[PDB]
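S.K.: Attaching a single structure in structure tokens format; questions to follow.
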Amino acid sequence: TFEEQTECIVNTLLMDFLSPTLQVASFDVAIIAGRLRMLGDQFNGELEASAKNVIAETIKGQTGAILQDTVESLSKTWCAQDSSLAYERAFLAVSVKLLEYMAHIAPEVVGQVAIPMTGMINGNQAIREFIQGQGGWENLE
């Protein structure tokens with residue numbers, strides 16, 4: 001169900017970015033999507049370089065490798081310059097804001113990133129353990 005919840009959340013986030021009509025016209029994913037977006041906007045680091053690389057490998061069909069390394073690099077950088085921020089919270093924040101920038105910059109291909117990011121979040125124990133330790137997606141933020 002956690003794996004299925006992650007899938008819905010990443011789909012909702014993406015559909016809201018791509019189509020605001022669908023956001024308006026449509027376990028409450030809408031509230032969760034809101035809190036992850038509120039969290040996502042706390043990241044102000046440079047994304048142009050990151051987004052382009054993740055998009056480029058996503059076309060080629062090597063999203064998994066570059067996507068995780070990109071978010072882990074940006075999160076370690078942000079955690080290095082902010083002692084208060086937990087790594088696992090930084091990770092999610094970057095994942096959301098990177099998905100946001102990739103939708104604005106490349107809406108024709110951003111959809112091919114949804115499954116990789118779903119697999120990334122569901123596959124990472126540190127992030128899964130963190131979210132479930134906050135009372136699951138339902139109570140995160």
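Residue numbering restarts at 1 for every chain of the structure tokens, chains are lettered A, B, ... in their displayed order, and ligands are numbered from 1 as they appear.
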From stretch 19-129 of chain A, collect each residue whose DSSP state is helix (DSSP H, G or I) and return the set as a count of residues only.

M.R.: 87

S.K.: Do you know which residues are at most 10 Å from residue A:30 counting only C-alpha atoms, after dropping those on the same chain fewer than 3 positions away, and could you put them as a list in words?

M.R.: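 In the requested format, the answer is residues 9, 12, 13, 16, 23, 26, 27, 33, 34 and 35 of chain A.
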
S.K.: Just write the chosen residues, N, CA and C atoms, as a short mmCIF file (atom, residue, chain, number, x, y, z; two decimals), in the first residue's frame.

M.R.:
data_model
loop_
_atom_site.label_atom_id
_atom_site.label_comp_id
_atom_site.auth_asym_id
_atom_site.auth_seq_id
_atom_site.Cartn_x
_atom_site.Cartn_y
_atom_site.Cartn_z
N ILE A 9 0.91 9.65 -5.31
CA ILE A 9 1.50 10.96 -4.90
C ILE A 9 2.30 11.54 -6.08
N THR A 12 -0.07 12.43 -8.94
CA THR A 12 -0.84 13.65 -8.55
C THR A 12 0.04 14.88 -8.76
N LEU A 13 1.22 14.91 -8.11
CA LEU A 13 2.23 16.00 -8.25
C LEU A 13 2.40 16.35 -9.74
N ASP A 16 -0.78 17.72 -11.61
CA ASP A 16 -1.02 19.10 -11.09
C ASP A 16 -0.07 20.08 -11.78
N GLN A 23 -6.19 19.31 -11.78
CA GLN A 23 -6.02 19.62 -10.33
C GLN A 23 -7.35 20.12 -9.75
N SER A 26 -10.82 17.50 -10.70
CA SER A 26 -10.83 16.17 -10.03
C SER A 26 -11.65 16.24 -8.74
N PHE A 27 -7.20 8.51 3.02
CA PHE A 27 -5.97 8.87 2.26
C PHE A 27 -6.30 9.96 1.22
N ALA A 33 0.21 16.07 -1.61
CA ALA A 33 0.77 16.77 -2.79
C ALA A 33 1.06 18.24 -2.46
N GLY A 34 0.17 18.87 -1.68
CA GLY A 34 0.31 20.27 -1.20
C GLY A 34 1.51 20.44 -0.28
N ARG A 35 1.68 19.53 0.69
CA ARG A 35 2.74 19.59 1.74
C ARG A 35 4.11 19.29 1.12
#

S.K.: Select, from A:38, A:117, A:102, A:47, the residue with the minimum atom-to-atom distance to residue A:67, counting only C-alpha atoms.

M.R.: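 Among the listed residues, A:117 lies closest to residue A:67.
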
S.K.: Which residues of stretch 25-64 of chain A come within 10 Å of stretch 70-85 of chain A, and for each one, what is the closest pair of atoms and their distance in Å to one decimal, counting only C-alpha atoms, sorted by chain and residue number, as a Markdown table?

M.R.:
| residue | atom | partner | partner_atom | distance |
| --- | --- | --- | --- | --- |
| A:43 | CA | A:78 | CA | 8.2 |
| A:44 | CA | A:78 | CA | 9.5 |
| A:45 | CA | A:74 | CA | 7.9 |
| A:46 | CA | A:74 | CA | 8.9 |
| A:47 | CA | A:74 | CA | 8.8 |
| A:49 | CA | A:70 | CA | 9.9 |
| A:50 | CA | A:70 | CA | 6.4 |
| A:51 | CA | A:70 | CA | 8.7 |
| A:53 | CA | A:70 | CA | 8.6 |
| A:54 | CA | A:70 | CA | 7.5 |

S.K.: Write the residues of the selection above to a file with N, CA and C atoms, as a short mmCIF file (atom, residue, chain, number, x, y, z; two decimals), in the first residue's frame.

M.R.:
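Listed below is the output, again-v9.cif:
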data_model
loop_
_atom_site.label_atom_id
_atom_site.label_comp_id
_atom_site.auth_asym_id
_atom_site.auth_seq_id
_atom_site.Cartn_x
_atom_site.Cartn_y
_atom_site.Cartn_z
N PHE A 43 13.71 24.48 -1.27
CA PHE A 43 14.93 24.34 -2.10
C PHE A 43 15.00 25.52 -3.09
N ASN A 44 16.13 26.25 -3.09
CA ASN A 44 16.39 27.42 -3.98
C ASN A 44 17.72 27.23 -4.74
N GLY A 45 18.33 26.03 -4.66
CA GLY A 45 19.60 25.71 -5.35
C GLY A 45 19.42 25.62 -6.86
N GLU A 46 20.52 25.72 -7.61
CA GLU A 46 20.54 25.67 -9.11
C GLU A 46 20.10 24.28 -9.58
N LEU A 47 19.08 24.22 -10.46
CA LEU A 47 18.45 22.95 -10.95
C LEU A 47 18.65 22.77 -12.47
N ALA A 49 21.18 22.62 -14.63
CA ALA A 49 22.21 21.60 -14.94
C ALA A 49 21.66 20.20 -14.63
N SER A 50 21.15 20.01 -13.41
CA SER A 50 20.62 18.72 -12.88
C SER A 50 19.46 18.22 -13.76
N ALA A 51 18.42 19.04 -13.92
CA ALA A 51 17.19 18.72 -14.71
C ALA A 51 17.58 18.23 -16.11
N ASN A 53 20.42 16.94 -17.32
CA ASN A 53 21.16 15.65 -17.27
C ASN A 53 20.17 14.50 -17.04
N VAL A 54 19.30 14.65 -16.03
CA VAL A 54 18.27 13.63 -15.65
C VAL A 54 17.32 13.41 -16.84
#

S.K.: Tell me which of A:25, A:15, A:65, A:36 sits closest to residue A:93, counting only C-alpha atoms.

M.R.: A:36

S.K.: Skip residue A:122 itself and residues of its chain fewer than 2 positions away, then list as a count of residues only all residues within 9 Å of it, counting only C-alpha atoms.

M.R.: 12

S.K.: Taking only C-alpha atoms into account, name the residue in A:24, A:4, A:10, A:31 that is nearest to residue A:138.

M.R.: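 Closest candidate: A:31.
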
S.K.: Suppose you want the space between atom CA of residue A:137 and atom CA of residue A:28; what is it in Å?

M.R.: 9.7 Å

S.K.: For residue A:14, which of A:48, A:69, A:100, A:108 is the closest residue, counting only C-alpha atoms?

M.R.: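 Ranking A:48, A:69, A:100, A:108 by distance to residue A:14, first place goes to A:100.
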
S.K.: Taking only C-alpha atoms into account, which of A:133, A:56, A:64, A:89 comes nearest residue A:109?

M.R.: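 Among the listed residues, A:56 lies closest to residue A:109.
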